[PDB]
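Quick notes on the structure that follows.
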Amino acid sequence: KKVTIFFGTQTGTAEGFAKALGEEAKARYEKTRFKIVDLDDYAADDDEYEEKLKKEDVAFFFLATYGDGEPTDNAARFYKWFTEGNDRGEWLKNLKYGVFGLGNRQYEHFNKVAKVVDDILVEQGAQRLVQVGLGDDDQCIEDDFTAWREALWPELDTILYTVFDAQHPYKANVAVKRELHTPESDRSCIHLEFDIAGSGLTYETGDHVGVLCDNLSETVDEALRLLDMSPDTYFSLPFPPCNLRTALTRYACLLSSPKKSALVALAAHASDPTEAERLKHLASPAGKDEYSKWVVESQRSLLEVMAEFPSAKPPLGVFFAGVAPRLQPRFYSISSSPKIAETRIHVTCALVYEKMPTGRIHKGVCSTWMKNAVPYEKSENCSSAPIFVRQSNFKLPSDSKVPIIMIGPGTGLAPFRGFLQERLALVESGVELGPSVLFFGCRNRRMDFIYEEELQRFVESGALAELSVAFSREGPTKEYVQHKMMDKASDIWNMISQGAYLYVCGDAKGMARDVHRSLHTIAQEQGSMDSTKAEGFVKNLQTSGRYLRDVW
Ligand SMILES: Cc1cc2nc3c(=O)[nH]c(=O)nc-3n(C[C@H](O)[C@H](O)[C@H](O)COP(=O)(O)OP(=O)(O)OC[C@H]3O[C@@H](n4cnc5c(N)ncnc54)[C@H](O)[C@@H]3O)c2cc1C
Ligand SMILES: Cc1cc2nc3c(=O)[nH]c(=O)nc-3n(C[C@H](O)[C@H](O)[C@H](O)COP(=O)(O)O)c2cc1C
């Protein structure tokens, strides 16, 4: 019998509990083999989650809930596969499980993520070993952990041609690199095309493309200063061996905020006892509000923190394990369709450039690379990058007559450009299209209306029926996609009634929530149902697979 322990965490508490449970369960049942898994590492795509989760015997889930009841970033992909378009009957009958939830009762959606995953698991056949844990952070979450653990043992005691992917990427030339905003814009959105002619690399409309990126050299220089060793230091340690400068450039996530366990790791190698104690304090329960404020809210990079604690000098083995997380690929919603762009993968990338609360100037590692990438046109020598394709569920209905409702302001437009290229190639070939509507949004006609002429052409060909555009900064007044949806509330409801698919893409924190509320509001007023029923209605659309979100 196996035991796998999954975690979804941001600051590291859920991960700490998962390590703790494993260590202690290994004491009790010294024969059975355990495994601690980050949910993002567990599977590359949905097909992989499926093939793996069925082979499970015992599984514990440590899920922390964030912003408006959503999953952490490292579990968002697992969460979407498991809770949306998720009607798969009882396929987990061989599974034994328990889920402890990391939450905070001060929030509207207390332990939402843990509750949702827990309910579905039993609905789909798996067997509860323990009731769902409901730890809240405004009280003592550790105390709820031990109670949950104590509840678990009684039941646990009597139970115990190439594939291109992130490890083998394809090296693609940058064929096209183009600013989508006008010169007047204070921001930037890059249109970029990767050349895949002859590669064997394949993609579908709505898939994602992963791009491997290096830290900027300014970032590496500073990390080199803090570690205080030569750039050419060779070391053991699981990425392939290289010098220190290379490791920092390619495998070290340096600009993210340190998890509590990273603070603990630094503290074990801090020379000054008051620095060791302060780091430990910041990692401890007593230092929780300090951690939340000084680290998480201020968005302090690892490099800032290490600078504040000059005596923390971790060995390279510790630094590349528990201090600096692995540098991740960045994913982009492919903004082309294979039927039009057969030999190129199109990308729509917003430049990340922001002043952090500390005054630190953050340049996005990947988007800054794309901003500076050299295309064929200017080329004597173009840029290139290692890429791979990841399948997703953000797909057009098989039946092109089914109505489609697309909501994507800003960069959220990306995969819809792919939706429209695909529909365009369909309609040029005789296939009939059903109704279509796109809610788009930007700041200003004279700055921000990306792909404006292509959108005109899509209306012009019948790939898209109507285009609605919301302008947030053209003068005194301010409109958003929420307001345009409300104006067309009746049309939207009628489309849902006729079986429409709903798609939302773009900003997760702001837009997606407001768009979500509007659907509930539309369902209540156009559907003549109270608030509770409409939430039932909207949730039904999600589990059915007719309300799809690609947000970040
Ligand atoms: C499924 C999916 C699809 C996506 N599709 C697109 C797309 O089509 N187009 C697009 O432009 N992007 C898309 N994204 C987002 C994209 O993958 C990248 O996150 C984005 O490009 C930023 O990458 P970066 O390396 O340039 O910036 P990063 O360096 O990764 O920075 C990202 C953000 O983190 C913030 N940040 C900086 N420091 C901290 C800190 N210490 N603590 C907390 N936060 C901090 C930054 O201000 C910044 O906003 C998608 C993401 C996902 C998951
Ligand atoms: C921005 C933010 C939003 C949060 N939102 C919720 C929430 O909606 N519901 C909830 O129960 N807890 C919420 N919490 C509480 C966290 O789940 C709690 O801090 C948790 O213990 C953190 O887990 P982690 O350290 O593994 O990331 C939120 C915390 C933060 C910082």
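Residues 103-262, 304-380, 397-711, in that order, are what chain A shows, numbered as in Swiss-Prot.
Each residue, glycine too, has its Cβ placed from N, Cα and C.
DSSP assigns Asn206 (FMN binding site) to coil in the three-state reduction, outside any helix or strand. Per Swiss-Prot, the feature FMN binding site maps to 111-116, 166-169, 204-213, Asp239.
The annotation NADP(+) binding site is assigned in Swiss-Prot to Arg330, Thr570, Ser631, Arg632, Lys637, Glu638, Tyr639, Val640, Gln641, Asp673 on the grounds of sequence analysis. In sequence order, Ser631 make up the list of same-chain residues 6 or more apart from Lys637 (NADP(+) binding site) whose Cβ falls under 8 Å from its Cβ.
Sequence-distant neighbours of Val524 (FAD binding site) (same chain, 6+ apart, CB under 8 A from its CB) are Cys356, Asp357, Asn358, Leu359, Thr362, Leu414, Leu486, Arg489. Sequence annotations record features per position, and here Swiss-Prot assigns FAD binding site to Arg489, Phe490, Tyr491, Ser492, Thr507, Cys508, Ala509, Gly523, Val524, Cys525, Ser526, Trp711 based on sequence analysis.
According to Swiss-Prot, the domain 'Flavodoxin-like' annotation covers 105-255.
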| Which binding-site residues sit within 10 Å of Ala509 (FAD binding site) - Cα, from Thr111, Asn206, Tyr209, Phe212, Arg330 | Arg330
| Once the chains shown are all counted, how many other Cβ atoms turn up within 10 Å of the Cβ of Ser631 (NADP(+) binding site)? | 16
| Rounded to a whole number, how many Å is the Cα of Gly114 (FMN binding site) away from the Cα of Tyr639 (NADP(+) binding site)? | 36
| remark: Taking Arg330, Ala509, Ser631, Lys637, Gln641 as the binding-site residues, the residues having C-beta under 6 A from ligand 2 are none
| said: I'd like to check the chain gap: with 41 residues not modelled between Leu262 and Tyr304, what is the distance in angstrom between their CA atoms? | reply: 44
| query | Is any of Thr111, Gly169, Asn206, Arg489, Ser631 (binding-site residues) within Cβ reach of ligand 1, i.e. under 6 A, and which? | reply | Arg489
| Of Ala166, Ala509, the binding-site residues given in the record, which has the fewest other CB atoms within 10 A of its CB? | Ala509
